[PDB]
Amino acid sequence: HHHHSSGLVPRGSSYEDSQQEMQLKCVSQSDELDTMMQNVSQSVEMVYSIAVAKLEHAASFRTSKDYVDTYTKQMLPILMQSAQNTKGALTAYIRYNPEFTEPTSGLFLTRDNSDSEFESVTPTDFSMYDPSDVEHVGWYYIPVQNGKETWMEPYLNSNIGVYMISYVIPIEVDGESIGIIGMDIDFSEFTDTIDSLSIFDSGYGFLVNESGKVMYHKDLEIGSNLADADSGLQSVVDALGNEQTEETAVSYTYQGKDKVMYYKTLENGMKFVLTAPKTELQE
């Protein structure tokens, strides 16, 4: 009774038992994908709590460069320590509203990989880019326009050259926007995990938002909608928008095969979908 986990699966390895195995695999793979998302969200929340406790007189951000600069210098070791110990964080930042602060004020910490150290670098200059330019300044305008904590769907950050997701909390005082605090994750951390997943003979996973927009799929273009690949995928999109169908078997037809999927909502609001041909569940 010394059980060992499964190793390399030989090629060719009841229907109810297969449904149960697929349900558990959906849940465990979602737990794995959630790992770095939870690491980052917990760290951002912790620094946010310190940041707002220290921001004792927000009115001075509009009229005192000394206040902004002193506050920033106090926050630097806190943000740096947190980022350095956040597995999967690629950047960390505290930036301020460009209407009343200097456009490179605040903090921008970067590193290449989890084995390297974070460095404090000049923050991206708000005065150089249009507010609609997601690839340069989206990590400010999208969360602030949302008015709450925001997981950003994947985008190319052109300041660092990486396709990433981000968790950003706007810093507001009495309803007024003061700044943001956030960290980023290289999206390939998640797509690599997707690529390594299988079930049965040819089952695979993919990532989609609640409206059916593709975040990552080995065959479908990023940013396309599932319903535009095959009219049979409207049944999948319907399930994604109905919370009561989470973690239940959903049947559909795609590219000439009956398929079964299970989905689970991830920490960032994406849906992880695990799918297989119906014949692979059959006995």
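Start at 1 and count along the sequence shown; that's the residue number.
Q: Going by the mean C-alpha B-factor recorded in the entry, which is higher: 237 to 245 or 45 to 53?
A: Stretch with the higher mean C-alpha B-factor: 237 to 245.
Q: Would you mind comparing 90 to 98 and 168 to 176 for me and telling me which has the higher average C-alpha temperature factor in the entry?
A: According to the entry, 168 to 176 carries the higher average C-alpha B-factor.
Q: Hey, out of 27, 40, 59, 215, whose CA B-factor is highest in the deposited coordinates?
A: 59 has the highest C-alpha B-factor of those listed.
Q: From the list 158, 188, 124, 120, select the residue with the highest C-alpha B factor recorded in the entry.
A: Among 158, 188, 124, 120, the highest C-alpha B-factor in the entry belongs to 188.
Q: By the record's CA B-factor, is residue 184 among the lowest, middle or highest third of residues in the chain?
A: Tercile = lowest for this residue's CA B-factor.
Q: In terms of the CA temperature factor given in the entry, to which third of its chain does residue 137 belong: lowest, middle or highest?
A: For residue 137, the deposited C-alpha B-factor lands in the lowest third.
Q: Within this chain, which third does the Cα B-factor at residue 265 fall in: lowest, middle or highest?
A: As the PDB entry reports it, the C-alpha B-factor of residue 265 lands in the middle third of its chain.
Q: By the record's CA B-factor, is residue 276 among the lowest, middle or highest third of residues in the chain?
A: It falls in the bottom third of the chain.
Q: Residue 109's Cα B-factor: lowest, middle or highest third of the chain?
A: Lowest third.
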